[PDB]
Structure formats: C-alpha cells, structure tokens
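Written out below as structure tokens is the structure these notes cover.
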Amino acid sequence: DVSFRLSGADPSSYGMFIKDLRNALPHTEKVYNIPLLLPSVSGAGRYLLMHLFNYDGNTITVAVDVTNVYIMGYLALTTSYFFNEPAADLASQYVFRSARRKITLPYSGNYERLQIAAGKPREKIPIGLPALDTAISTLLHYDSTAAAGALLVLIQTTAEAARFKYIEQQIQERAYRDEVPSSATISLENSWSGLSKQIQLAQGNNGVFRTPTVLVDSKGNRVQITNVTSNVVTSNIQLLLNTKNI
Ligand SMILES: *[C@@H]1O[C@H](CO)[C@@H](O[C@@H]2O[C@H](CO)[C@@H](O)[C@H](O)[C@H]2NC(C)=O)[C@H](O)[C@H]1NC(C)=O
Ligand SMILES: OC[C@H]1O[C@@H](O[C@H]2[C@H](O)[C@@H](O)[C@H](O)O[C@@H]2CO)[C@H](O)[C@@H](O)[C@H]1O
C-alpha cells in the first residue's frame, strides 16, 4: 500500500507520495527509460490500495488498477463504493470484501461521465492539496453529485500526477491554494493513451512517432509531438499504458 496525509502536507511530502505511487506500480520493461505498465495482472495483485488521510485524520482507502492507474472505487469507514463499470465490478471481488455494504456509484470513472454527474467540465474544477482534502471529506459520506466532483479532483491529484511529472508539479504549486488545472494539464490527461501508444510504436521506428500527438503546451500554445526527444517523453510522462490495453 501507499499513504499520504494532508495534515503537515507540503510540496515535498506530496512529491514523495507521488514517487511511492509510481513505484508501487509493477513493470518488467522500460520503454525509452519509462516504466511500462503490465498488459494485465491477475486476482488481487491487480489492485493498489492508497490510504488517504484528510486534514482531520479521517481516511478513505482507494483501489487503483495497477495496469492502467484507473481508480476502481474506495473504502470509507464501513461502506465500499465502486464505479458503475465492469473493471470496478471485477475489482469488488478482491478489494474491501469485509465492508458492511457496497454501493455502486451511478456513473463510470470516465472523465465524460464524471463531468455530467458533477454538472461541470474538469476545466472549471479547482485542484490542489486543499481540494484533495475537500474531496477525501466528501467521499466519507455518500453523496453522488458531490462525489462526482470529489473523484475528478482525486483522479487528477493522484493518478494523473503519477503519470506526468508536469501535473505532479502543477499540484505542488497548488499545495496551499487550489486552481483550475492549466489547459496543458487537461491536454496531457486526454493524451495519455495516445502518448503511451506512440512511445511504444517509436521503438522500432527509431523513436519516431507513427502518428504525431497534438498537445497544448505550458504557455497555452498548440504543439506537436513527433518523436521521443521531446520534453514530454524525456522529462514529463512517467508511466506508459501498455498497447495491449489500448
Ligand atoms: C522530433 O521532434 C523534434 C522537436 O522536439 C524536431 O526538432 C524540432 O523540429 C523543428 C526543426 O526540425 C523545430 O520547429 C523545433 O524547434 C525543433 N526543436 C528542437 C528542440 O530541436 C525533430 O525534427 C523531430 N524529428 C524528426 C526526424 O522530424
Ligand atoms: O476517462 C478518464 C477516466 O478513465 C476512466 O476509464 C474509463 C474509460 O475511459 C471508459 O471507456 C469506460 O467507460 O470506463 C473506464 C473505467 O473502467 C477511469 O476509470 C478513470 O480513473 C479516469 O482515467
């Protein structure tokens, strides 16, 4: 398991949590030096447990699919909650079996469905460490509209931060003040899968991408990623989604 506490949290301990979150994910190959996530893992070992503690010391445990860094659901006191999706339903046969009930949320984990449930796109949802504190607190007592938005915070401050160093850095800047994510942040989130694919495909194409990727950059500019010498590949991405899951 990995575990982050918001009390005493500062950019340092957050970064160290995000470091642990990346290191808990297993892999047997790096591709251009980037850990490559497994095509699949079997039974309970597919699932990473994150213990998260809000500023007051209350806690949820979040189950993460180690092959893709998707949140399956979480344990809040004695009630387990899981997205309405086959993967999460699978996950529920291995994690938090001893919860007193299990609730299935009325949406999948997809950013699109979570946005409808929340009634606002990610662009307009502040994120940061204080926002991650709100979100932990929310998920402690069921409320599905509120949870949509608490989960969109949670995905971005954990999973999306572990995937990209840039988004980890965006969170660390917001240690004490929330802020809507930059467009570049939405851009990377949306591109994770195509980047993972084109990183893997570059490797017998002399590090050239078969299909270029369009991103927005940190300065709000549209930019095009064409091979593995780009900063996105060299510095930014930290985990690759296996093409055997794309
Ligand atoms: C791989 O992508 C790099 C960009 O990171 C390409 O080099 C860039 O492309 C043109 C010049 O050819 C310029 O717009 C950029 O300023 C270049 N940037 C840097 C930092 O060199 C490179 O051409 C691509 N590789 C191939 C074979 O096309
Ligand atoms: O979309 C971002 C969101 O991905 C979810 O994955 C969705 C997937 O994109 C969609 O095809 C399907 O309906 O549900 C998937 C979940 O199994 C993740 O669940 C979530 O954590 C974010 O990564």
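Identifiers in the structure tokens: chain A, B, ... in order shown; residue index from 1 per chain; ligand index from 1 in order shown.
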**Report entry** Protein and nucleic acid residues within 8 Å of ligand 2 (only C-alpha atoms and all ligand atoms) as a ChimeraX atom specification
**Finding:** /A:69-72,83,85-88,108-112,155,159,189-190
Requested in this report: Could the residues that lie within 6 Å of ligand 1, counting only C-alpha atoms and all ligand atoms, be listed as number ranges by chain?
Outcome: A: 226-227, 229-230
Query raised in the report: How would you write, as a PyMOL selection string, the set of residues in range 84-202 of chain A that DSSP gives as helix (DSSP H, G or I)?
Result: chain A and resi 86-91+111-118+122-124+129-139+144-163+165-173+183-202
Give me every strand (DSSP E or B) residue in range 17-52 of chain A, going by DSSP on the backbone, as a tab-separated table (two decimals) with C-alpha atoms, in the first residue's frame.
```tsv
chain	number	residue	atom	x	y	z
A	30	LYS	CA	11.04	0.39	-19.55
A	31	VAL	CA	10.49	1.93	-22.96
A	34	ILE	CA	9.79	4.90	-18.93
A	35	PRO	CA	8.32	2.14	-16.81
A	36	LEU	CA	5.86	0.21	-19.00
A	47	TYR	CA	-5.11	-3.59	-7.23
A	48	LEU	CA	-3.10	-0.96	-5.39
A	49	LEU	CA	-4.56	0.37	-2.08
A	50	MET	CA	-3.97	4.12	-1.32
A	51	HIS	CA	-4.71	5.19	2.22
A	52	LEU	CA	-5.55	8.91	2.16
```
Report task. May I ask for the distance between CA of residue 237 in chain A and CA of residue 179 in chain A, given in Å to one decimal place? Result -> 21.8 Å
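Atom pair CA of residue 107 in chain A / CA of residue 154 in chain A has a distance of 15.6 Å (rounded to one decimal).
Within the 8 Å cut-off around residue 115 in chain A, using only C-alpha atoms and omitting residues fewer than 4 positions from it on the same chain, the listed residues are residues 111, 119, 120, 121, 122, 148, 149 and 152 of chain A.
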Query raised in the report: Could you name the residues that touch residue 153 in chain A at 10 Å or less, counting only C-alpha atoms, but leaving out those on the same chain fewer than 3 positions away, as a PyMOL selection string?
Result: chain A and resi 122+125-129+131-136+147-150+156-158
Query raised in the report: Looking at A:60, A:214, A:21, A:195, which one is nearest to residue 243 in chain A, with distances taken over only C-alpha atoms?
Result: A:195
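Every protein, DNA or RNA residue with an atom at most 12 Å from residue 165 in chain A, where only C-alpha atoms count and chain neighbours fewer than 3 positions away do not, is listed here: residues 15, 18, 19, 22, 157, 158, 159, 160, 161, 162, 168, 169, 170, 171, 172, 185, 188, 189, 231, 232, 233, 234, 235, 236, 237, 238 and 239 of chain A.
For the residues A:137, A:191, A:203, A:80, ranking by smallest atom-to-atom distance to residue 33 in chain A using only C-alpha atoms places A:203 first.
Minimum distance to residue 140 in chain A across A:53, A:4, A:94, A:176 (counting only C-alpha atoms) occurs at A:53.
What separates CA of residue 74 in chain A from CA of residue 98 in chain A is a distance of 12.7 Å.
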